[PDB]
């Protein structure tokens, strides 16, 4: 159970974005129905009034929270991977438009899931803004919590993989457009009961054997990280 508070650009807090530049849901309940329109940008998908200004090569940091900003972020039980997708705001999330910029499941070294490191990062994880066409974009941050993903929602509607999905409105101003954005996958649509990483038992199976859902990270992606970039408590 977790939501996005707002974003930092190159370590600069852009302020509360909820229902302003984040298409926020009315609460932190997970999305579980893989076929639902709710898979696109969560249960409250509509153009909100603002879009954050960035340029190619900027560091965009999502900040998540549980009850209050900079609290415990997400329950320690919600072990899982973290992904970030981009689509043209054009699409409004519809069609084969979602392009993956970032994937992080399990770090063998530290033996932490992405979600574990997000809690440590005070809810902060980042992507470097790719060199796509200047214009208006949605950045879709997705946390998959697997604490009940041993079942499928379609077979047992009180269990299943849990999706914490937040779409940010981002306007890319300066970019040489050296990596034009290809077509991508639909949400709903890319995840089905058979897709790897959707049904998995973190209780019986080792986290090294975990394989996050497709698609693969676009070669145009400039990577990212899970780690605090700024102090919310100084505001």
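Positions refer to the first chain, counted from 1.
Undergrad: Test of understanding: from the entry's C-alpha B-factors, which stretch has the higher mean, 8-16 or 208-216?
TA: Between 208-216 and 8-16, it is 208-216 that shows the higher mean C-alpha B-factor.
Undergrad: I need to verify one thing: averaged over C-alpha atoms only, is the B-factor higher for 68-76 or for 122-130?
TA: Result of the comparison: 68-76.
Undergrad: Among 86, 146, 90, 83, which residue carries the highest C-alpha B-factor recorded in the PDB entry?
TA: That would be 90, according to the entry.
Undergrad: Sort 27, 42, 33, 199 by C-alpha B-factor from the entry and give me just the highest.
TA: Answer, based on the entry's C-alpha B-factors: 199.
Undergrad: Sorting by Cα B-factor within the chain, modelled residues only, which third would residue 222 end up in: lowest, middle or highest?
TA: Middle third - that is where residue 222 ends up once the chain's C-alpha B-factors are sorted.
Undergrad: Report the third (lowest, middle or highest) to which the CA temperature factor of residue 2 belongs, ranking only the modelled residues of the same chain.
TA: Residue 2: CA B-factor falls in the lowest third of its chain.
Undergrad: If you rank the chain by CA B-factor, which third does residue 179 end up in: lowest, middle or highest?
TA: Its C-alpha B-factor, which the entry lists for residue 179, ranks in the middle third among residues of this chain.
Undergrad: For residue 189, does the deposited CA B-factor place it in the lowest, middle or highest third of the chain?
TA: It falls in the middle third of the chain.
Undergrad: Could you tell me which third, lowest, middle or highest, the C-alpha B-factor of residue 168 occupies within its chain?
TA: Within its chain, residue 168 is a lowest-third residue by C-alpha B-factor, going by the deposited values.
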